[PDB]
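Next up: just one chain, as structure tokens, the form deposited in one PDB entry.
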């Protein structure tokens, strides 16, 4: 309540202390910051109306988001003023993607509070999930009045991007992969620390879920988990194209079934799927509707046979050889 209460009384404009930060820039970003907000207001309100249909609420949502945007900006730029050279600080303030991400995240907090939720705001602003993902942790750190429920919501957004959204076709992620840590650092990157940190968090997320299912399904073969994880991590690292337009948990379940298969262990997909459902956010569509080729979808069993196996045949077989591949680090 404390945050929304502040926003209802807060200024619609940048404070003088935030303007003071603007003045310290070699290239004064203020004019472009104000115009960006005004122009985004117009697009936001229209797309809002187009969404909800006929019936002011739209204008107030944007107004509150803008107020929070300026609040968190000022808070975030206090730390960054110490951390960045004069040149980079100016570069950050004139960075469109930084501002759009900061604004999107503020709008998401207001939308979710007065609940069209994630990822609706990304399509409104034409903003890639991977670019938005860069701001979340620093946003949370810069806004001390966020409620537990909102932090959890933003963390949920972050994890949805990590598990699916960042892997959609056209995602900037694949460009970074082809090539090869505050929000400011990651937006200052040219056209990788964004890549490194993203993968580290994905690995952490992925092992957590694998651990859970393994502990419930393969206790009598406890050797299996680390082996399954090595297949999982290797595939995320080296066969990343399998993730494109698909879901982290699909590669997880296939790695389990795949490893158990080549160990001659009876673990039906049916048993795997059933345990998956008890995962805190798990949704039956993830194993029922899996992309195969050129927009045709089927169950996970078909995906495993037609795509997963055919790409990873030689890889999985090594885990049954006399020289199985070296176990992967646990994150």
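Numbering follows the first chain given and starts at 1.
In this entry, residue 115 is separated from residue 116 by 10 or more residues of the deposited sequence that have no coordinates.
The modelled chain breaks after residue 191 and resumes at residue 192, leaving 10 or more residues of the deposited sequence without coordinates. Legend: mean Cα B-factor per stretch from the PDB entry, 141-149 versus 209-217; the higher mean is in 209-217. Here the stretch with the larger average CA B-factor, out of 163-171 and 254-262, is 254-262.
Highest C-alpha temperature factor among 275, 33, 66, 43, as the PDB entry reports it: 275.
Among the modelled residues of its chain, residue 82 has a C-alpha B-factor that falls in the middle third according to the deposited record. In the deposited entry, the Cα temperature factor of residue 241 sits in the middle third of values across the chain's modelled residues. In the deposited entry, the Cα temperature factor of residue 48 sits in the middle third of values across the chain's modelled residues. Per the deposited record, the Cα B-factor of residue 123 falls in the middle third when ranked against the other modelled residues of its chain. In the PDB entry, a CA B factor belonging to the lowest third of its chain's modelled residues is recorded for residue 182.
Below, we turn to the form solved in complex with a partner chain, even though it does not appear here.
With the partner omitted here, the residue from 117, 192, 212, 147 that has a non-hydrogen atom within 4.5 angstroms of its partner chain in the bound PDB entry is 192. Proximity to its partner chain in the bound PDB entry, taken as a non-hydrogen atom within 4.5 angstroms, holds for one residue of 225, 249, 143, 80, which is 80. Using a 4.5 Å cut-off to its partner chain in the bound PDB entry, each of 95, 134 and 138 places a heavy atom inside that distance. None of the heavy atoms of residue 153 is located within 4.5 Å of its partner chain in the bound PDB entry. Heavy atoms of residue 197 reach within 4.5 Å of its partner chain in the bound PDB entry, making it an interface residue.
Within this chain, residue 88 lines the site of its partner chain in the bound PDB entry, having a heavy atom no more than 4.5 Å away. When contacts are judged by a 4.5 Å heavy atom cut-off, residue 176 counts as touching its partner chain in the bound PDB entry. The candidate stretches are 104-112, 214-222, 228-236, 80-88, and the one lying within 4.5 Å of its partner chain in the bound PDB entry by heavy atoms is 80-88.
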